[PDB]
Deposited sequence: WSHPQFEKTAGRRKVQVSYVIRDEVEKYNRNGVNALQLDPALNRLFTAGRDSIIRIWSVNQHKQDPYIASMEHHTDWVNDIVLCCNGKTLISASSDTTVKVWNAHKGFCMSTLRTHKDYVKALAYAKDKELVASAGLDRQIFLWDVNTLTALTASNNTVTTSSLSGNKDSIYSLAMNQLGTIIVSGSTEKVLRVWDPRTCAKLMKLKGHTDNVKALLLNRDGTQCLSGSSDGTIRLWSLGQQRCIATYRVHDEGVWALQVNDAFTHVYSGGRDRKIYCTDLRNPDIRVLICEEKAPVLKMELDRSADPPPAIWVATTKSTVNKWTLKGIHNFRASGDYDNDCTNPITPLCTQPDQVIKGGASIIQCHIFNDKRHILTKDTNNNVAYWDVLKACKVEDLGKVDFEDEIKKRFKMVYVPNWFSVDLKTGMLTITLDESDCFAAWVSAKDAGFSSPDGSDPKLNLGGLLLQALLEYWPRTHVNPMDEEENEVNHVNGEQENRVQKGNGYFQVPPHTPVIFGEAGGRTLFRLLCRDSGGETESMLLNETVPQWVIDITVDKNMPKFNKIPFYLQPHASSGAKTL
């Protein structure tokens, strides 16, 4: 086993806007919808329609880490997602909820691949594994006589960062840190080719319908064109200074739209390189791009960056820029990017992506104050606290929102007097409190099993909407819920199955 930890997230109940960057994008032409895969763990649905003050439709919240890739399939009915939490999740795309979680990957799941004709999806990641998924089987709610087997490709010698298939599902390729592309035929699961060429990692793959020709975007800076039939690189395009992360192609397979670390997006005629249209200079590095495919002159392109806003840039004109201002902009929110823990081990200072500064109470699980763009290191010294308290929690900023994590090894290290905590403690004179215990009790307050024949710790409550997460240390997530919903019956049942013994002792048995 691994140790199981308890986490919570300091956030508003609904986070309309991405609170970190966005790694992937999908368009439903039919419904005029854009899916963004968050690095704030959240997948979102937007309408791509005229002058709506909120293009916001909905948040799909299940993942506990970056959502790295999303595929849309079965006529926009189902969404498949890959995450750094090591799970592939299956969603009803119309309703916006999670049908299944796949747990076959043992590391970050980095990429997805879609063969539209076969309704086939593939996942790959850092564990050097590739699994093949029949989507109709994944979404069938019927009882099946077939035992639900999986098939895996094998071959990669290190971590996989990009993956692609053709419409037919004739061929599949992966880009890994081992520089080669590797090629399989899905339906056979057999290796056809290994392609040598790139000198660095490759994060972007596209194929033509036929599975005869491939484009690959690399951190070495080169775009490449391949003949699968000839098993050889046939062209190599040096359009960027730094790595290429994102490629789109036109319907015809003649122009490539490329993006990367150097913030500059270029349409580029494959047949003759020299003609290159510098579309735009984005404010941050380009992670992924999605072509609007209404027209054969593809009208616009949607671009995902390390920033939380998403832009559509028009292609209406077709080495200064075509465009200088976003055709359409989806609002972003701020990521918290710096965290300092004071010596009292109760207060946090943060600086966010908008250089804003805030003061937070970890124990009471809430913002104390907004300080609006002061000098941050000064502020740390300005609020210095001459106390020794041992460390009892860690902070995680991977999603852009504050995630506090409690682990057995030191959850209970911190013993503090009630007056020093600043609690009324009106009766008589005050005692030793253990901050870990008090917080766990606040988190699991609504859980019926805590109550003894009074509720919680008594001294305070968390925001009732505070999500609480149980998960293995750098491993899979066992369960998540909102603090207030632990009073539900199904929720209580899951709490019995997942809350580990060490938490039980304090919260229900009422030990130290």
Discussion item. Should a student be asked to find the unmodelled regions, what ranges of the deposited sequence would be the right answer here?
Written reply: 1 to 11, 330 to 345, 481 to 500, 560 to 580
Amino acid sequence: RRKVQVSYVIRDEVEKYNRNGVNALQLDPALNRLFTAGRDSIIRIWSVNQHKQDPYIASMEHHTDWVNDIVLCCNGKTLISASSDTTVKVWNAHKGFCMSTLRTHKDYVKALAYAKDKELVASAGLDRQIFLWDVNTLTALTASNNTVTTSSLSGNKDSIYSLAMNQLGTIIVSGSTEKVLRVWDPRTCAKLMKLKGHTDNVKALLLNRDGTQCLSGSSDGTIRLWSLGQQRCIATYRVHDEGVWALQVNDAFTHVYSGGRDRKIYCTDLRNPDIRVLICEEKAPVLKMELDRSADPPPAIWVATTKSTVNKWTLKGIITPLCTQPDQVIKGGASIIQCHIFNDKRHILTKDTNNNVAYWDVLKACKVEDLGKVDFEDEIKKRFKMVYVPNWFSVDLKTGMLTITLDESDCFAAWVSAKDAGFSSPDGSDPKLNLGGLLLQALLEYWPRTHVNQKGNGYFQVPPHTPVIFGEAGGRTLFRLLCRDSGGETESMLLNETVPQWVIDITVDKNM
From here on, numbers count along this sequence of modelled residues.
Worksheet item: Of the two stretches 127 to 135 and 297 to 305, which shows the higher Cα B-factor on average in the entry?
Response: 297 to 305
Item to complete: For the higher mean C-alpha B factor in the entry, choose 324 to 332 or 91 to 99.
Response: 324 to 332
Worksheet item: In the PDB entry, which of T149, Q248, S162, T177 has its C-alpha at the highest B-factor?
Response: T149
Worksheet, complete the sentence: Of the residues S394, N201, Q230, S83, the one whose Cα carries the largest B-factor in the deposited record is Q230
Worksheet item: Is the Cα B-factor recorded for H451 in the lowest, middle or highest third of its chain?
Response: highest
Discussion item. Among the modelled residues of this chain, does the Cα B factor of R33 put it in the lowest, middle or highest third?
Written reply: highest
Item to complete: Rank-wise, by C-alpha B-factor, drop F470 into the lowest, middle or highest third of its chain.
Response: lowest
Worksheet item: What third of its chain, lowest, middle or highest, does the C-alpha temperature factor of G169 fall into?
Response: middle
Response to the item:
Of the three thirds of Cα B-factor ranks in this chain, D210 occupies the highest
